[PDB]
Every structure is written in C-alpha cells, then in structure tokens.
Amino acid sequence: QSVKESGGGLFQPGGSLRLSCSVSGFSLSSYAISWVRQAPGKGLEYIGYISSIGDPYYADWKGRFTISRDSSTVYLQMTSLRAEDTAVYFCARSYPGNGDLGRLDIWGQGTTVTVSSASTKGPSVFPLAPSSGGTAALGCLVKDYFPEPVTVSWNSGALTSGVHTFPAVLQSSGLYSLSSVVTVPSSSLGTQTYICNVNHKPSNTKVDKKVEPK
Amino acid sequence: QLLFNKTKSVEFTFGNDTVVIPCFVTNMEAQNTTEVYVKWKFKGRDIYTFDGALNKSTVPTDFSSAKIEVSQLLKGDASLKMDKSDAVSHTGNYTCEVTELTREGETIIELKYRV
Amino acid sequence: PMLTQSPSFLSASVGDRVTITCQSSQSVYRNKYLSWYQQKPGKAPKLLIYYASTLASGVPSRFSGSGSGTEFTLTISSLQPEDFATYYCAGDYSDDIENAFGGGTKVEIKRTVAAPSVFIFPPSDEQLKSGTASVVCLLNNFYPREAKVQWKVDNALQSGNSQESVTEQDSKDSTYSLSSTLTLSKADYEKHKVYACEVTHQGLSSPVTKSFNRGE
Ligand SMILES: *[C@@H]1O[C@H](CO)[C@@H](O)[C@H](O)[C@H]1NC(C)=O
Ligand SMILES: *[C@@H]1O[C@H](CO)[C@@H](O)[C@H](O)[C@H]1NC(C)=O
Ligand SMILES: [Ca+2]
C-alpha cells in the first residue's frame with residue numbers, strides 16, 4: 001500500500017495546477033484520499049478529500065480546488081493561481097472511507113509548486129575545495145537556480161554519512177543558491193573521489209561535479 | 001470489522017409520507033445499547049447521530065424529523081426514518097457508520113426519487 | 001474548530017519530557033477524533049496517535065495522547081534526538097468543511113554544548129571566470145543554534161555582504177550546522193589577499209578564526 005504524487009514545479013499565474021496521486025496496494029473503493037499543502041516555512045493546511053464512493057468535499061477557504069479520481073489515481077486541480085499557492089502538496093490515505101479525519105496514514109513524499117512569473121533557471125555547480133585535526137570539509141556550491149527545489153547526492157548516494165545540505169537561500173538577484181558539504185579524513189583527499197550529484201528537474205539539469213583539491 | 005446486509009439504493013415518490021433508508025449490520029456483538037454508536041453522513045455532514053453511552057440523539061435543524069428505532073439496534077437495525085420533506089430535499093448517497101466498542105463499519109445507500 | 005497548539009518552543013533533554021497542548025474552538029467529533037502527526041524537516045508527516053490516544057502501528061509507547069472534547073495533549077516521555085520534529089494535531093468535525101490541523105509545535109532536544117568546527121572555502125576558478133566570487137564559511141555540528149560569523153577582508157570587517165543558512169536539528173545527534181556566503185565581484189575579490197571568518201559561540205572560549213590567502 002503506497003501513494004505517489006506527480007511532479008510539480010513552476011507555475012505561472014495564468015496557469016492551471018494539476019496533481020495526480022497514484023495509489024498502489026489498496027483500492028480507492030475502500031479509502032478516502034486527502035490532499036494537504038504547506039507554505040514554505042509554515043504549517044500543514046488541510047485542503048479537502050474525496051470519499052471512497054467518489055465524492056469530493058473541501059475545507060473552509062483561499063483556493064479554487066477540484067478533486068477527482070479514476071480507478072487508481074486522484075487528481076487535484078487548481079485554478080486562478082496565486083503566490084500563496086506556493087507550497088509542498090501532499091496526498092494521503094484517510095481511513096473512514098466516508099472522509100472523516102480519523103487518521104491519515106499513508107502519505108506521499110510531496111511536491112513543490114512555485115507560483116511566480118519568474119522564468120526557471122538551471123544551476124551552476126562549483127566545487128568547494130579544501131586547502132588547510134585531520135578532518136577536511138568539502139562541498140558543492142549550487143548557485144543561481146529557480147525555482148526550488150534542487151537535489152544533491154554524493155558519489156551517486158554511496159556517501160551519506162556526515163553530509164549537510166543546507167536550505168536554499170534567496171539572493172537579492174531573485175535566485176536561489178545552496179551549499180552541500182561533507183566531512184572526511186584529510187588522508188582520503190588523493191585516494192577517494194568525491195562527486196556531487198546535482199539535480200534541478202524544473203530546468204532539466206543534471207550536474208556531476210568532481211570536487212577536487214587544488 | 002462490522003459487516004452489513006447491503007442495499008444499493010431505495011426509491012420513493014410523492015406518495016411516500018415517510019422514507020426508510022435501511023442499515024443492517026450482521027455481526028453485531030454488543031449486548032447493551034450503551035456500547036453502540038450510530039452516525040448517518042450526508043454531503044460531509046452528520047445528519048443523524050446516536051451516542052449510545054449517553055442515550056442522546058442529535059439532528060441538524062434541517063433533518064429535524066430524522067430518526068432511528070433504538071429498540072432495534074442490538075438486533076443490528078440502524079435504519080434511518082425521515083419525513084418526505086426532509087428526504088425530497090436531500091436525495092443522494094448516504095453513509096451509515098456503526099461503532100460497537102472498537103469495531104467499526106460503514107455501508108452506503110442511495111436515496112432516489114421517482115417522478 | 002480552529003485548532004491552537006502550544007506555541008512552538010517545546011524543549012527537553014535526552015530522557016526528559018515535553019508537553020504540547022492542542023485546543024479546539026469546537027469540540028471534535030465524538031470528543032476524541034483527534035490525531036497526532038510528526039514531521040521532521042523535508043519528510044512527509046508520520047501518523048503517531050489517533051482517536052486521541054490510540055497509537056499507530058510501530059509508534060513507541062513514549063508518545064501519549066490524552067484529553068477529550070476541546071482539549072488534547074501530546075506527552076513525549078523519554079525524549080531523544082530522533083524526536084526533533086514539528087508536531088501537528090488534526091481534528092474531525094460533524095461537517096467536514098471544518099476539518100483542520102493545528103499550527104504545529106516544534107520540539108528541540110537539549111544536549112550538552114558543542115563548539116563548531118569551522119572551515120573556510122575560497123571561490124572556484126570556475127566561478128571567477130563568471131565575474132562573481134563566493135566565499136563560504138562552514139560551521140559544523142555545533143549546539144545550540146546561536147552562533148555569530150564576522151567576515152573580514154585584509155582585517156577589514158564586512159557588512160551587508162553575507163547570507164547565512166542553518167540546518168535543522170540533526171536527528172542522530174541534535175546539533176546544527178551553519179553556512180555563510182560572502183559575495184564579492186571578481187574585481188573586488190582580487191584587490192585583496194587575506195579572507196577570514198570569525199566564529200564566536202558558547203562552546204568556544206576565544207573566537208575562532210579561519211583564513212586563507214588568495215593563491216595558496
Ligand atoms: C452513489 O454511490 C454509488 C457507489 O457507492 C455510485 O456508483 C452512485 O453513482 C452514487 N450515486 C450518486 C447519485 O452519486
Ligand atoms: C416508498 O413507498 C413505497 C410504497 O408506496 C414503499 O414500498 C417504499 O419502501 C418507500 N420507500 C422508502 C425509501 O421508504
Ligand atoms: Ca466528520
């Protein structure tokens with residue numbers, strides 16, 4: 001039993017948001033599907049649901065939503081978009097099939113929608129190289145992208161211990177940039193390769209950047 | 001884990017003074033009424049509730065005549081009775097949720113008007 | 001039915017206890033339809049407790065929901081760093097148009113003070129080729145969050161030149177990391193030699209400084 005939401009991304013104010021929640025391992029005839037969102041930095045906001053007999057119902061507010069479903073997926077459609085629609089959107093399984101808020105138990109990972117008139121822009125990726133105890137830091141500066149999010153992996157995921165990927169910061173330029181660092185023994189610079197795996201799906205950008213010591 | 005003798009839908013016309021929407025749970029296991037809870041749901045709204053612990057029935061002012069024969073509850077009958085004016089105003093799909101202790105169940109009936 | 005949780009500043013040490021109240025303006029359905037959820041940063045919410053006191057399958061018994069009607073409370077006993085999260089209550093009501101979450105209450109594990117390990121990174125030749133130069137000062141695995149970073153360029157204090165970013169509380173060991181980014185033009189960056197960031201923090205007796213000379 002699991003649910004999976006489609007990609008979000010950048011949405012213009014004239015655009016229409018369409019999100020799909022593909023469930024598996026259970027039937028929509030037996031459970032309600034709930035849609036929740038969260039503004040960046042803010043709290044969970046309950047949107048509405050669609051009951052197990054296929055009927056949708058919506059909470060008390062701002063937005064123009066329409067929840068629908070077919071045999072195996074549930075669609076959230078939004079119209080007349082606003083800056084305050086910029087949120088991470090979650091679909092979740094709700095137990096009382098009639099749609100009461102008994103329990104939300106199987107959640108999706110969530111997707112970020114950015115409502116902005118701004119154009120997407122892929123990132124530039126620069127190495128953060130150690131120079132000089134016995135521990136060395138090194139990382140990857142991920143500069144000038146739009147919108148969020150960026151994803152950063154190290155050595156294709158085989159390196160996770162000691163990794164710190166910072167929250168993106170918004171620059172005066174109106175563009176995001178972040179750092180992602182990792183700490184290792186100073187002796188491993190020269191025998192171990194470190195490569196940062198940057199992804200930016202709005203801009204179709206995959207950057208693999210050998211961070212090497214100068 | 002409650003189960004039900006399901007009816008897909010029940011019909012009624014202008015001749016109907018009263019309307020029965022049936023609800024029959026088959027594996028009820030309670031011997032006193034205070035453990036049983038009943039709720040009828042319409043368009044996201046609890047239009048009838050019976051909290052067995054408290055012997056209290058509650059209806060919104062727009063389902064004023066909606067009821068259940070509490071004398072039939074342990075036997076499994078949670079069916080809803082309404083007058084014709086509250087029914088013809090609220091046709092559609094109903095949900096019957098019965099709770100006996102932790103055991104819970106739901107079943108669905110469409111109220112349809114024939115003209 | 002607006003839900004008000006404890007204002008988001010709930011703290012305790014490893015093994016201590018935290019308490020988070022959730023208040024409802026209308027009483028919830030059957031006085032007990034109130035669920036508790038745990039959200040760590042960047043993750044989906046996880047259900048902990050439902051019907052006010054029933055625990056989700058696999059949730060340790062140190063999470064305890066009590067209350068009824070309009071008043072509920074989540075007691076986290078035997079606190080541990082794996083519990084740094086924000087916590088939401090959710091209510092059901094007799095018309096679903098009112099179902100809502102609370103505003104969230106973040107929990108923060110107190111641990112023993114830990115001074116940061118500082119590293120300073122010079123710009124890349126890749127980026128200098130672009131006309132801009134980023135200097136990155138990294139403050140690693142410190143506690144608690146209050147830290148101060150002073151940028152200096154040939155012993156000259158900087159201002160309005162820097163952007164920061166701080167991780168959330170680490171789930172494995174309850175520390176924080178911080179990154180400072182000095183942004184200079186290529187021109188400005190190559191008119192100077194010594195680039196340093198001064199880190200002052202409760203775990204350091206004397207402010208630590210970490211530098212580099214342009215061209216090592
Ligand atoms: C009532 O519910 C059933 C399934 O439970 C559905 O197929 C039917 O079309 C519904 N009727 C209306 C009028 O929504
Ligand atoms: C409506 O009335 C007819 C008799 O006229 C009866 O058979 C039927 O059960 C009634 N329907 C409901 C929903 O009560
Ligand atoms: Ca409800």
Side-chain angles (χ1 to χ4, degrees), chain A residues 34 36 38 42-46 48-49 51 57-60 88 90 92 95-96 98-110 124-133 135-139 141 143-144 149 162 164-172 177-179 181 183 209 211 214, chain C residues 1 5 28-29 33-35 37 39 41-47 49-51 54 56-57 86 88 90-93 95-104 117-127 130 132 134 136 138 140-141 163-168 170 177-179 181 183 212 216:
Chain A
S34 263
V36 183
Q38 183 174 31
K42 296 300 219 170
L44 296 181
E45 169 160 43
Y46 188 94
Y49 66 90
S51 69
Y57 300 96
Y58 313 89
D60 271 359
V88 274
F90 296 98
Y95 153 61
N98 47 92
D100 284 335
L101 240 188
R103 47 173 195 261
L104 304 179
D105 67 330
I106 311 269
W107 292 67
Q109 291 289 348
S124 293
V125 182
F126 306 126
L128 291 177
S131 36
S132 88
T135 297
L138 65 100
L141 177 69
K143 210 185 147 72
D144 305 326
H164 288 297
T165 300
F166 285 88
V169 197
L170 177 93
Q171 310 158 104
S172 323
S177 99
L178 66 79
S179 306
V181 300
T183 55
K209 171 78 29 171
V211 168
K214 160 67 211 91
Chain C
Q5 298 185 210
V28 314
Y29 179 54
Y33 264 58
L34 194 100
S35 19
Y37 304 84
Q39 197 190 32
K43 290 220 244 306
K46 185 195 168 68
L47 167 75
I49 288 166
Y50 62 91
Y51 301 159
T54 314
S57 198
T86 295
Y88 303 90
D92 177 62
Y93 302 89
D95 188 342
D96 290 342
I97 61 135
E98 334 194 69
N99 298 357
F101 287 95
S117 313
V118 192
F119 313 80
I120 168 170
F121 296 96
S124 72
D125 297 315
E126 245 205 310
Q127 190 205 10
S130 91
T132 78
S134 292
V136 175
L138 158 79
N140 204 213
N141 299 335
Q163 279 197 117
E164 292 190 352
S165 180
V166 58
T167 59
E168 294 280 30
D170 194 300
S177 290
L178 189 137
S179 89
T181 302
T183 319
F212 75 87
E216 301 243 63

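Per chain, numbering begins at 1; letters A, B, ... match sequence-line order.
For A/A129, the part lying near chain C is the backbone, with the side chain staying farther off; criterion is any non-hydrogen pair under 4.5 Å. Interface remark: C/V28 contributes no atoms to any contact with chain A (heavy atom separation under 4.5 Å). Neither the backbone nor the side chain of A/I106 comes within less than 4.5 Å of any heavy atom of chain C. Interface remark: A/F166 contributes backbone and side-chain atoms alike to the contact with chain C (heavy atom separation under 4.5 Å). With a 4.5 angstrom heavy-atom cutoff, A/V36 touches chain C only via side-chain atoms. C/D95 does not touch chain A: none of its heavy atoms, backbone or side chain, sits under 4.5 Å away. For a residue to count as touching a neighbouring chain, one of its non-hydrogen atoms must lie under 4.5 Å from one of that chain's; by this rule C/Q39 touches chain A with the side chain only. Interface remark: C/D170 contributes side-chain atoms only to the contact with chain A (heavy atom separation under 4.5 Å). Proximity to chain A is absent for every atom of C/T54, based on heavy atoms less than 4.5 angstrom apart. Heavy atoms of A/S131 lying under 4.5 Å from chain C belong exclusively to its side chain. Contacts of A/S132 with chain C are absent, with no heavy-atom separation under 4.5 Å from either backbone or side chain. Proximity to chain A is absent for every atom of C/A56, based on heavy atoms less than 4.5 angstrom apart. Proximity to chain A is absent for every atom of C/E216, based on heavy atoms less than 4.5 angstrom apart.
In this view, C/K46 satisfies the side chain to side chain donor-acceptor pair (under 3.5 Å) rule with no residue, not counting sequence neighbours.
Of the listed residues A/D60, A/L101, A/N98, the one with more heavy-atom pairs under 4.5 angstrom with chain C than any other is A/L101. Your options are C/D125, C/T183, C/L178, and the one with the most heavy-atom pairs under 4.5 Å with chain A is C/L178. Of the listed residues A/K209, A/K214, A/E45, the one with more heavy-atom pairs under 4.5 angstrom with chain C than any other is A/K209. With respect to chain C, the highest number of heavy-atom pairs below 4.5 Å among A/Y58, A/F126, A/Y46 belongs to A/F126. Taking C/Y51, C/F121, C/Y93 one by one and counting their heavy-atom pairs under 4.5 Å with chain A, the maximum is reached by C/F121.
The one candidate from C/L47, C/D92, C/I49 that meets the side-chain contact (heavy atoms from CB on, under 4.5 Å) condition with A/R103 is C/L47.
In this structure, C/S165 and A/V169 approach most closely via the heavy-atom pair CB-CG2, 3.5 Å. Nearest heavy-atom pair across C/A44 and A/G108 is CB-O, 3.1 Å. Heavy atoms only, all atoms of each residue included: A/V125 and C/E126 are closest at O-OE1, 3.0 Å.
C/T181 contributes atom OG1, which lies 6.5 Å from atom CG of A/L141 (distance to the nearest 0.5 angstrom). One finds the CZ atom of C/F101 at 9.5 Å from the CD atom of A/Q38 (value rounded to the nearest 0.5 Å). Note that OG of C/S124 is 11.0 Å distant from NZ of A/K143, once rounded to the nearest 0.5 Å. Note that the CG atom of C/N99 and the OH atom of A/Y49 stand 7.0 Å from one another [nearest 0.5 Å]. Atom CG of A/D144 is separated from atom OG of C/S134 by 8.0 Å, given to the nearest 0.5 angstrom. In this structure, OG1 in A/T183 is found 6.5 Å from CZ in C/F119, a value given to the nearest 0.5 Å.
Proximity of a side-chain donor or acceptor of C/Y37 to a complementary backbone N or O of A/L104 within less than 3.5 Å is detected.
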